[PDB]
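Here's a solo chain for you in structure tokens, the form deposited in one PDB entry.
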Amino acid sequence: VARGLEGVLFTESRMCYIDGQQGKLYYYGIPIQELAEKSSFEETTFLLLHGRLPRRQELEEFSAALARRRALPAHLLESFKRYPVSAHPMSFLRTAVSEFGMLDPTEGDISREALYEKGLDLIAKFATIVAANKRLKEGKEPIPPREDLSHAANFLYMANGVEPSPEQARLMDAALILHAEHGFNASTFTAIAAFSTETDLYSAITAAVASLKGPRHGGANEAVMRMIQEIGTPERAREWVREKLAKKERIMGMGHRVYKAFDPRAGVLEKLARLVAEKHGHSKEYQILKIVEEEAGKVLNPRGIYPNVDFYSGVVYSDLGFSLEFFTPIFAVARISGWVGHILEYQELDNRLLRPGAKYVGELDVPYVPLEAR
């Protein structure tokens, strides 16, 4: 019995190479650090769906294609008015994707080309859905997308009601690129497991959202923000760290389960976060984070325990206007590209129905006892 399917390889892939021991992460062979620094969510999405970087003309048309698809149908925006505002944002997203599928006249078409086109629609619309949820949570109206803005800049615009600075847009753009893909994690696997019966794309993506909503996957930066809230103020941060280390207690965001050395995604984000802080000001959360980074680093750096991407992303989203409950939704806004890419790849290279089993340890030949005899 292969508990948790640990060590089990069930298919082949060309999408994501992960070497946790050496700190390497590639998207179709290209290092994530290069993409986060030089690419855009649109270009990286093209890479994840096509397997190669786009030529200039291809990128322009691709970005425009996504931009035109950002707006949600009026039918869905109307439904959002009654979606419980008190509900978990991931449940809002889960329902939105499912209901949206009902509006597709050819919802069940799963030809490669149909999956690709419906996929572009979902990639463009995810940011709009999440931003709408945020606006409604604030008692405000969702904001129509601005096609002149990039996917990342428009996401911030629709979420906050104001166009972000170039620095803020670049920070969010990098964050999305950094979380767009990560191999066969739980949500990507669930998407494939669902798609293996040849169900429609909305069904597979709804299953992915359902998986991602779980605390065991896609919620790492929540623990870091909870730590920051526990610290409360910058003035107590340094002392808090000392006490934690003295008690041999773990510091959230330090070290990683997969990346034994450096998390290849952390560096670019830390730098861009600094640039935003220097232009827009250092938030209370940012100040606390930097003190923890420095004080904890004095002891952890020599031990090879470095801050990972989750150590920075939560503060980044907070600084960009988002609350903790929207962290996983933002993760989904990025990961939808990886999910679509994985569905296209699985269909192309494997496409088999998944048929795992379980070792039977139950009983046999148990009698159907008459009701009165029990």
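Only residues modelled in both forms are compared. For clarity, a rigid core is taken as the largest C-alpha set superposing within 1.5 Å between two forms. Counting begins at 1, following the sequence as shown.
Below: the form deposited in another entry, not depicted.
Enquirer: If you fit the rigid core between the shown form and the other one, which of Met227, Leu122, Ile110, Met90 ends up with a C-alpha shift of 2 Å or more?
Expert: One residue passes the 2 Å cut-off, namely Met227.
Enquirer: For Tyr306, is the CA shift between the shown form and the other one at least 2 Å following rigid-core superposition?
Expert: Shift of 2 Å or more: yes.
Enquirer: Align on the rigid core first; then say whether the Cα of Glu138 has moved by at least 2 Å between the shown form and the other one.
Expert: After core superposition, the C-alpha of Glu138 moves less than 2 Å between the shown form and the other one.
Enquirer: Would you say whether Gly101 is displaced between the shown form and the other one, judging by a C-alpha shift of 2 Å or more on the superposed rigid core?
Expert: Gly101: C-alpha displaced by less than 2 Å between the shown form and the other one.
Enquirer: Based on a C-alpha change of 3 angstroms or more, tell me if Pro215 and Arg250 lie closer or farther in the other entry than in the shown form.
Expert: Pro215 and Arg250 sit closer together in the other entry.
Enquirer: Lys290 and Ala169: do their C-alpha atoms lie closer or farther in the other entry than in the form you see, with a change of 3 Å or more?
Expert: Compared with the form shown here, the C-alpha atoms of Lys290 and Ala169 sit farther apart in the other entry, by 3 Å or more.
Enquirer: Once the rigid core is overlaid, which residue runs, three or more long, move by 2 Å or more at each CA between the shown form and the other one?
Expert: Runs 219-278, 283-312 stand out as displaced between the shown form and the other one - each at least 3 residues long.
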